[PDB]
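J.: Encoded as structure tokens, here's the structure I'll be asking about.
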Amino acid sequence: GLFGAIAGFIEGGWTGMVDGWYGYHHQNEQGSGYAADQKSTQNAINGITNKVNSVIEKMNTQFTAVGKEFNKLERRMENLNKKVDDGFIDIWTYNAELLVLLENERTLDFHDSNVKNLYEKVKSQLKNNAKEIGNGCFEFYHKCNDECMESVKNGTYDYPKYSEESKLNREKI
Amino acid sequence: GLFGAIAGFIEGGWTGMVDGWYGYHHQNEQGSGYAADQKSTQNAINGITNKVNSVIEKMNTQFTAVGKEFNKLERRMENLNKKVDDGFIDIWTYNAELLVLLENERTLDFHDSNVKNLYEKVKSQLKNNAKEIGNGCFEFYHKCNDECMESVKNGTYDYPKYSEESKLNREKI
Amino acid sequence: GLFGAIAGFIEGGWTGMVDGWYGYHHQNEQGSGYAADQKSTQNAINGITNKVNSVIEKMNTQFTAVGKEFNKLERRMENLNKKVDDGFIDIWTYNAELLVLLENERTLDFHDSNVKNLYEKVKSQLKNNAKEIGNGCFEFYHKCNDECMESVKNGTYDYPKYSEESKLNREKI
Amino acid sequence: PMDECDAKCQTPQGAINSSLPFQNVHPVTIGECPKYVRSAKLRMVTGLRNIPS
Amino acid sequence: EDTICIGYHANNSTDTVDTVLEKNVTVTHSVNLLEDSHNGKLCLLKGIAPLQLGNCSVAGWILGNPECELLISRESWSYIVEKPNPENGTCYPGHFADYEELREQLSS
Ligand SMILES: *[C@@H]1O[C@H](CO)[C@@H](O[C@@H]2O[C@H](CO)[C@@H](O)[C@H](O)[C@H]2NC(C)=O)[C@H](O)[C@H]1NC(C)=O
Ligand SMILES: *[C@@H]1O[C@H](CO)[C@@H](O)[C@H](O)[C@H]1NC(C)=O
Ligand SMILES: *[C@@H]1O[C@H](CO)[C@@H](O)[C@H](O)[C@H]1NC(C)=O
Ligand SMILES: *[C@@H]1O[C@H](CO)[C@@H](O)[C@H](O)[C@H]1NC(C)=O
Ligand SMILES: *[C@@H]1O[C@H](CO)[C@@H](O)[C@H](O)[C@H]1NC(C)=O
Ligand SMILES: *[C@@H]1O[C@H](CO)[C@@H](O)[C@H](O)[C@H]1NC(C)=O
Ligand SMILES: *[C@@H]1O[C@H](CO)[C@@H](O)[C@H](O)[C@H]1NC(C)=O
């Protein structure tokens, strides 16, 4: 909930579903159930693929030989090569550690962003036809079947379908 | 559309206008047209100026001489100086490559942010007086001339100007 | 106002309050006053604590001895050790400078984010019962005492408390 | 080949524009120079995405 | 009836980057940080000329090999120019110790 959801207006996650990292939970007379949003989920996971390829690949690992050794009349070169190597070691260490911290933060923000985007997509169809409730959910002043669910998933509603039923069932409130 | 617009609720860009990276498209009886938002656009581009100055300048390039050479009884120093230089080369390479990736991402997010901000600024004047439509646009329950356009650009509307016309032309809907 | 508030819909800050970085300003018949949001403020400041610990600590500072010296038949090693050290110096310099710039940007965005989140939390209780006004503030179609203030601070309102008073005092508008 | 032309940094494969921070071109340099990488390209965005329809 | 819309820029451009979340990503405007190009010349620093050996070694340069132009007028210069495989080493051969060190001292 950097951008307002996760520990934001939403409090916690759900273990009911495993097929995909995102989805919806549908609730109607036929029953309840969880169902995953493979479109945006797969796009995001492709982003993570390109990330981790774009972290691993950016090294070039030579056919390397690290070690050396010296006598005790080479102490210039000993304390040098120690300073040299410790310098390099620390720089890779520092940069990579910061990179793990930052990249994981930007990953959290990427996820938070995607769910926030989707939350507005859910909103954009059903603006006056159905209301914000509580947190995490919208209530319909009309009714919705599994076709209405799967339609609302893929970015389709037919706004004038239940515009009037919401226009009437609002008006007691 | 990290934050919800570009490949978000907006699908694509427009080639009609070239004077500035952002703007509006006005539509009224006198005609249509595109018109750029030089205020926020110029502020952002000043940000990019300070960025690129704050990337280029942060180097210090010495009056340098790179190369060396050695005989074959100096192989300690040869494999050293190779390891040394390759180490440095790879570190600049890695850090700079990550920096291009990250900075371009943060630039995309900077742009996305600015248009989202402006979208809420457009919303903030015309909240109940005119409605969200589709994506990218608002429809007026009243009428608007070029003065109304340029006024709404610079952060001015006079809310009670057409509050009543929207109060009536809403009510058939 | 990356995300829309600070130099966004809000123009500037306030010197009236000092106890915490965030808060509210309450206005009712008993009077006016400023009051700080120690919950989210303390959570954020804990985040800054973990940040700065996670910047300082990530170094390892050896029991170090920097300097060396050479005769004039060691100029390989002199120009080396100069190149070596200047390389390291510049790399720490570059990475750290970029890190200050980026981290301060992400700090600004962290703050901007938190206030935006809180702005939606204020909205979420009082949606139709009280209106957006101007910028920075909401006006009530009903009345609110200090108990109502402190309740609205900690995430509590009782929505049907003044739902009807807003339902009537709206309707002249 | 050798020429009367002027520069601020130099390498065997050619004389170099010292305007920009980096090359990937050849490590050895003399003067007020870029810095080397082993890479194909580096291009920051100024503008942003391009989609007509 | 009337409408207001947002707007932003696109163009005919097809220049591209790599990015964290997508590759070959097209934009309108770009900037190349890199100088991937060399003029294929030996220019000179600042107005200060370099030294040239042509065919000579540094041995043939410093010592006074007659086929190497001594060029005492060359009092200072920008940088040294050799080939990799210098033709004119020493006409009477001999070991030349600390070639490395002398070159490094005569870096500048
Ligand atoms: C550098 O070495 C080349 C060897 O390739 C020399 O080339 C000769 O040039 C003369 C004319 O100047 C010709 O008569 C020879 O036939 C060339 N030989 C070859 C093998 O090309 C060149 O002269 C040398 N330059 C200097 C300044 O010493
Ligand atoms: C969207 O879902 C509806 C039913 O829910 C279906 O008829 C339609 O073909 C779907 N469209 C796409 C593009 O998947
Ligand atoms: C804003 O635009 C209106 C007309 O559209 C103009 O009269 C007014 O002077 C403008 N204000 C500023 C501050 O530019
Ligand atoms: C919230 O505030 C109300 C009064 O404003 C108080 O009665 C209640 O105990 C508070 N709750 C918490 C959890 O602090
Ligand atoms: C050097 O590069 C800068 C920036 O790309 C350019 O303005 C200038 O014309 C270039 N000069 C030469 C000689 O390449
Ligand atoms: C794109 O437009 C620019 C500016 O008009 C022009 O320089 C370029 O050649 C154009 N490219 C193509 C492929 O049309
Ligand atoms: C960019 O990469 C994607 C990877 O699938 C590919 O579909 C697309 O054709 C590529 N475009 C160009 C111009 O290389």
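Ordering of the structure tokens sets the chain letters (A, B, ...), residue numbers begin anew at 1 in every chain, and ligands are numbered from 1 in the order given.
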With only C-alpha atoms as the counted atoms, please give the residues lying no more than 10 Å from residue 11 in chain D, apart from itself and same-chain residues fewer than 3 positions off, as a list in words.

T.: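 Once the nearby chain positions are removed, what remains is residues 66 of chain B; 14, 15, 16, 25, 26, 27, 28, 29, 30, 31 and 33 of chain D; 38, 40, 41, 42 and 43 of chain E.
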
J.: Export N, CA and C atoms of the chosen residues as an mmCIF file, in the first residue's frame?

T.:
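Output below, filename out18.cif:
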```
data_model
loop_
_atom_site.group_PDB
_atom_site.id
_atom_site.type_symbol
_atom_site.label_atom_id
_atom_site.label_comp_id
_atom_site.auth_asym_id
_atom_site.auth_seq_id
_atom_site.Cartn_x
_atom_site.Cartn_y
_atom_site.Cartn_z
ATOM 1 N N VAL B 66 46.099 5.773 -20.275
ATOM 2 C CA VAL B 66 45.683 4.429 -19.878
ATOM 3 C C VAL B 66 46.862 3.471 -19.879
ATOM 4 N N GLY D 14 41.114 5.838 -33.370
ATOM 5 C CA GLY D 14 40.825 7.148 -33.915
ATOM 6 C C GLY D 14 40.874 8.222 -32.860
ATOM 7 N N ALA D 15 40.754 9.456 -33.329
ATOM 8 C CA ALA D 15 40.616 10.593 -32.435
ATOM 9 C C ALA D 15 39.155 10.725 -32.037
ATOM 10 N N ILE D 16 38.919 11.277 -30.845
ATOM 11 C CA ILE D 16 37.686 11.045 -30.103
ATOM 12 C C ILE D 16 37.067 12.364 -29.677
ATOM 13 N N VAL D 25 34.508 1.398 -27.027
ATOM 14 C CA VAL D 25 35.110 1.361 -28.343
ATOM 15 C C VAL D 25 36.487 0.739 -28.250
ATOM 16 N N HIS D 26 37.308 1.247 -27.335
ATOM 17 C CA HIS D 26 38.610 0.677 -27.113
ATOM 18 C C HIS D 26 39.164 1.216 -25.801
ATOM 19 N N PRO D 27 39.730 0.377 -24.913
ATOM 20 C CA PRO D 27 40.047 0.884 -23.565
ATOM 21 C C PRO D 27 41.143 1.922 -23.524
ATOM 22 N N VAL D 28 42.183 1.745 -24.333
ATOM 23 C CA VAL D 28 43.343 2.618 -24.268
ATOM 24 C C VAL D 28 42.951 4.001 -24.747
ATOM 25 N N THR D 29 43.300 5.005 -23.953
ATOM 26 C CA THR D 29 43.011 6.392 -24.254
ATOM 27 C C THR D 29 44.098 7.267 -23.668
ATOM 28 N N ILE D 30 44.244 8.455 -24.262
ATOM 29 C CA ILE D 30 45.017 9.540 -23.667
ATOM 30 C C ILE D 30 44.186 10.806 -23.785
ATOM 31 N N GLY D 31 44.157 11.590 -22.707
ATOM 32 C CA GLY D 31 43.658 12.955 -22.721
ATOM 33 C C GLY D 31 42.498 13.124 -21.761
ATOM 34 N N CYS D 33 39.001 12.344 -21.494
ATOM 35 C CA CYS D 33 38.458 11.227 -22.254
ATOM 36 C C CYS D 33 37.115 10.727 -21.742
ATOM 37 N N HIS E 38 34.633 6.551 -33.701
ATOM 38 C CA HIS E 38 35.942 7.164 -33.770
ATOM 39 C C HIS E 38 36.127 7.707 -35.177
ATOM 40 N N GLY E 40 38.733 7.734 -36.962
ATOM 41 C CA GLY E 40 39.701 7.035 -37.781
ATOM 42 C C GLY E 40 40.878 7.894 -38.166
ATOM 43 N N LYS E 41 41.340 8.740 -37.250
ATOM 44 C CA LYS E 41 42.414 9.690 -37.489
ATOM 45 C C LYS E 41 43.320 9.732 -36.275
ATOM 46 N N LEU E 42 44.499 10.315 -36.468
ATOM 47 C CA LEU E 42 45.329 10.791 -35.366
ATOM 48 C C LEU E 42 45.358 12.307 -35.484
ATOM 49 N N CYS E 43 44.405 12.926 -34.787
ATOM 50 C CA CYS E 43 44.377 14.347 -34.494
ATOM 51 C C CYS E 43 45.369 14.613 -33.363
#
```

J.: So which residues are near ligand 2, meaning at most 8 Å away with only C-alpha atoms and all ligand atoms counted, given back as a list in words?

T.: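 Residues lying within 8 Å of ligand 2: residues 146, 147, 148, 149, 150, 151, 152, 153, 154, 155 and 156 of chain A.
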
J.: From the DSSP assignment of the backbone, select every residue of range 37-150 of chain A that is strand (DSSP E or B), and format the answer as an MDAnalysis selection string.

T.: chainID A and resid 130:133 137:140

J.: Please check the contacts: residues of chain B at most 8 Å away from chain D, using only C-alpha atoms, listed as a tab-separated table (two decimals) with N, CA and C atoms, in the first residue's frame.

T.:
```
chain	number	residue	atom	x	y	z
B	12	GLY	N	-3.04	4.78	-26.38
B	12	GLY	CA	-1.98	5.17	-27.29
B	12	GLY	C	-1.81	6.67	-27.38
B	13	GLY	N	-0.74	7.06	-28.08
B	13	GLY	CA	-0.38	8.45	-28.26
B	13	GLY	C	-0.92	9.03	-29.56
B	14	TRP	N	-0.64	10.31	-29.75
B	14	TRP	CA	-1.20	11.12	-30.82
B	14	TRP	C	-0.07	11.87	-31.52
B	15	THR	N	-0.11	11.86	-32.85
B	15	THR	CA	0.86	12.56	-33.68
B	15	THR	C	0.38	13.93	-34.15
B	21	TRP	N	5.23	18.13	-25.31
B	21	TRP	CA	5.00	16.73	-25.02
B	21	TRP	C	3.64	16.45	-24.41
B	48	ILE	N	14.47	17.18	-16.60
B	48	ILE	CA	15.32	16.31	-17.40
B	48	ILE	C	16.67	16.97	-17.64
B	56	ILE	N	26.01	13.55	-16.33
B	56	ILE	CA	27.21	13.77	-17.12
B	56	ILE	C	28.27	14.36	-16.19
B	59	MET	N	30.80	12.52	-13.38
B	59	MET	CA	32.13	12.06	-13.70
B	59	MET	C	33.15	13.16	-13.43
B	61	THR	N	36.79	13.33	-15.41
B	61	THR	CA	37.64	12.71	-16.41
B	61	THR	C	39.02	13.34	-16.32
B	62	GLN	N	39.99	12.58	-15.81
B	62	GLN	CA	41.32	13.11	-15.66
B	62	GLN	C	42.01	13.28	-17.00
B	63	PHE	N	43.04	14.11	-17.01
B	63	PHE	CA	43.98	14.11	-18.12
B	63	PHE	C	44.78	12.83	-18.02
B	64	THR	N	44.28	11.81	-18.70
B	64	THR	CA	44.56	10.42	-18.37
B	64	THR	C	45.54	9.87	-19.38
B	65	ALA	N	46.30	8.86	-18.96
B	65	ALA	CA	47.04	7.97	-19.85
B	65	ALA	C	46.75	6.55	-19.41
B	66	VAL	N	46.10	5.77	-20.27
B	66	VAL	CA	45.68	4.43	-19.88
B	66	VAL	C	46.86	3.47	-19.88
B	67	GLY	N	47.45	3.25	-21.04
B	67	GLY	CA	48.14	2.02	-21.31
B	67	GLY	C	49.46	1.86	-20.60
B	89	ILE	N	36.52	-1.71	-15.47
B	89	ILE	CA	35.76	-1.66	-16.71
B	89	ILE	C	34.40	-2.29	-16.48
B	90	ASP	N	34.41	-3.45	-15.85
B	90	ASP	CA	33.17	-4.16	-15.61
B	90	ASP	C	32.30	-3.44	-14.60
B	92	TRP	N	32.18	-0.04	-13.89
B	92	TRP	CA	31.58	1.09	-14.59
B	92	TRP	C	30.49	0.61	-15.53
B	93	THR	N	30.75	-0.51	-16.21
B	93	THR	CA	29.83	-1.07	-17.19
B	93	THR	C	28.53	-1.47	-16.52
B	97	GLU	N	25.01	0.56	-16.83
B	97	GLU	CA	23.93	-0.12	-17.55
B	97	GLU	C	22.67	-0.18	-16.71
B	100	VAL	N	21.11	3.25	-16.65
B	100	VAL	CA	20.31	3.62	-17.81
B	100	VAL	C	18.94	2.98	-17.70
B	103	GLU	N	17.01	4.72	-14.65
B	103	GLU	CA	16.68	6.11	-14.93
B	103	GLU	C	15.63	6.24	-16.01
B	104	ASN	N	15.67	5.36	-17.01
B	104	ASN	CA	14.62	5.42	-18.02
B	104	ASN	C	13.29	4.98	-17.45
B	107	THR	N	12.00	7.80	-15.52
B	107	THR	CA	11.55	8.84	-16.43
B	107	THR	C	10.15	8.54	-16.92
B	108	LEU	N	9.89	7.28	-17.29
B	108	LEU	CA	8.55	6.87	-17.71
B	108	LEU	C	7.54	7.11	-16.60
B	111	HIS	N	6.80	10.81	-16.23
B	111	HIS	CA	5.86	11.32	-17.21
B	111	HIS	C	4.44	10.91	-16.87
```

J.: Neighbours of ligand 6 at 8 Å or closer, counting only C-alpha atoms and all ligand atoms: which residues, as a list in words?

T.: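 Written in the requested form, the residues are residues 11, 12, 13 and 14 of chain E.
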
J.: Can you work out which residues from chain B touch chain C at a cut-off of 8 Å (counting only C-alpha atoms) and hand them back as a ChimeraX atom specification?

T.: /B:58-60,68,84,88,92,95,110,113-114,116-117,120-121

J.: One decimal, in Å: what's the spacing between CA of residue 20 in chain B and CA of residue 5 in chain E?

T.: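 Going from CA of residue 20 in chain B over to CA of residue 5 in chain E, I get 15.6 Å.
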
J.: Measuring between only C-alpha atoms, which one of A:125, A:145, A:43, A:81 shows the shortest distance to chain E?

T.: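 For chain E, the nearest of the given residues is A:43.
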
J.: Taking only C-alpha atoms into account, what are the residues of chain E at most 9 Å from chain C, put as number ranges by chain?

T.: E: 98, 100-102, 104-105

J.: Go ahead and save the picked residues with C-alpha atoms, as an mmCIF file, in the first residue's frame.

T.:
```cif
data_model
loop_
_atom_site.group_PDB
_atom_site.id
_atom_site.type_symbol
_atom_site.label_atom_id
_atom_site.label_comp_id
_atom_site.auth_asym_id
_atom_site.auth_seq_id
_atom_site.Cartn_x
_atom_site.Cartn_y
_atom_site.Cartn_z
ATOM 1 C CA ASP E 98 63.944 -1.273 -17.870
ATOM 2 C CA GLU E 100 59.097 -0.382 -19.271
ATOM 3 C CA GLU E 101 60.335 2.118 -16.739
ATOM 4 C CA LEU E 102 61.853 4.445 -19.292
ATOM 5 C CA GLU E 104 56.607 5.168 -18.189
ATOM 6 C CA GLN E 105 58.903 8.017 -17.208
#
```

J.: Residues of chain E were defined as contacting chain D if any atom lay at most 9 Å from it, counting only C-alpha atoms; please report them as a PyMOL selection string.

T.: chain E and resi 9-14+16-18+25-49+52+78-79+81
